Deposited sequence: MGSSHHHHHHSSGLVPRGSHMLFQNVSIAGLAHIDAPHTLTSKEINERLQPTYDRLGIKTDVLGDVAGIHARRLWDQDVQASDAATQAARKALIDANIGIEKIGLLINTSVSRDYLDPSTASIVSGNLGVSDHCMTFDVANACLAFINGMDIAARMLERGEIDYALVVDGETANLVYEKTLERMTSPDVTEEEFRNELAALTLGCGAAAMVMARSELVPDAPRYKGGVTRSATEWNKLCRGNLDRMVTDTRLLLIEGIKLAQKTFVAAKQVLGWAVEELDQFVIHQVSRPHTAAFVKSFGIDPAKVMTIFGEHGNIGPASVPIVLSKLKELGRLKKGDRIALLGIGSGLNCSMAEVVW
C-alpha cells in the first residue's frame, strides 16, 4: 500500500534577507499598545516570535519559488530539462490566473512535456504537492518533479502595521490582527524522483490525512487541532506502523511556541526530535515543513535510516502526516 519507488533527489530553502525584530515592531506599536492599555508583549513573550524575515521590495512569490527551485536542482545535480512536473504549493500567489507554477516554470525554462499547476491548502500544501507528485512518479508518468513554495508577507506587514497604528483603531481590530505579525517570508523547493534513478536518496513512503472541516466557519483551534492530530496519528499507526518512540524527527508546521509545546506534550514526543525556526523566522506557511527538513539536512542531522515524520495541522481544519526514510 505504501510508495516503494519514490525518492527525494534534492532539497533547498532560501532565507529572506531583511530582518524585522519583534522589538522593532513593538516600538512602532507602543503608542497604540499604550492607548488601549495593552501591557503584555504578545509576539515575543506569548507567541515566542522574536524576529521574522522579509524580502526585498517587489519580490513576488514566483521569484522566491524560482530561487529555491534553482538551488534544489543543483542539490539534485539535474538540469531543468529532466523535470516533468512542477507543482507550486504556496499560499502567496502572483495572480488568480495563471498558476504561479506556470510563471516559476517559465522562469526556469521547463520543456514542453512539463505539466504544471498550483495546489492550495494552507500550511499542508507542500505535503499535498509531494503526495500528488509521488503518485505520478509511481505510475511512471514522469521521472522527476519539482515541488516549490515561495511565501511573501511584505504587504501583509505594511498594511497591518499601517492599520493598527491609525488613530481610529479599536482594540478588537488590534488583537486577532497581531496574528498577522507572526508570518514570515521564505521559500523552499524539492526535487522528487523515481528511485531507480537515485537509489541512495531518501525515500517518501506516503502518509495519511484526516479532516475537521466543520471549523472552516484561536485556542479552540489549538485544542481542536490536537484532537484531529490524535485521530490522524491513529490512522498513521494503522497505515504507516507509527509509534512515537520509533521516529527520529518530527518536522512540524510552525505556528507558535504554545502550539508547538501543546503538541509535543499531548503526544509525549521528545522535544529534541522537533526542530523549530518560528523564533527567528515566524510562520512560513506551507513552506515551513520543507524549510525545516532542508535545515536538518544541511546541518548534517539526518542519517541514513532515520524515520522522519512530516506533518501539519492546517486551516480547514486538516491534518496530514507522512513518512520519509532518509
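What the model leaves out of the deposited chain are the segments 1-20, 238-249.
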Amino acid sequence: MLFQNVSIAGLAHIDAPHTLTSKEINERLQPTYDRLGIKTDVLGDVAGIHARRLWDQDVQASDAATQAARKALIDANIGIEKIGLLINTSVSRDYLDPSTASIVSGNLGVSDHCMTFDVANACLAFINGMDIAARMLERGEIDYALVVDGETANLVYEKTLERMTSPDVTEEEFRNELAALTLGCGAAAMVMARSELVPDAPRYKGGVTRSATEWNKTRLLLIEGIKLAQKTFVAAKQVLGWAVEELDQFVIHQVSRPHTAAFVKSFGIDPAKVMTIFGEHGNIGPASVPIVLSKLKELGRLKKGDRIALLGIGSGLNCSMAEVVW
From here on, numbers count along this sequence of modelled residues.
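As the entry records it, the average C-alpha temperature factor is higher for 251-259, out of 251-259 and 184-192. Taking the mean C-alpha B-factor of each stretch as recorded, 77-85 and 232-240 are not equal, and the higher mean is that of 232-240. Out of 57, 294, 276, 288, it is 57 whose C-alpha atom has the highest B-factor in the PDB entry. Of the residues listed, 35, 70, 301, 52, the entry assigns the biggest Cα temperature factor to 35. Residue-level temperature factors show residue 1 in the highest third of its chain, judged at the C-alpha atom. Split the chain's modelled residues into thirds by C-alpha temperature factor. Residue 148 is in the lowest one.
In the deposited entry, the Cα temperature factor of residue 175 places it in the highest third of its chain's modelled residues. Ranked by C-alpha B-factor against the other modelled residues of its chain, residue 282 falls in the lowest third. Sorting the modelled residues of the chain by their CA temperature factor places residue 167 in the highest third.
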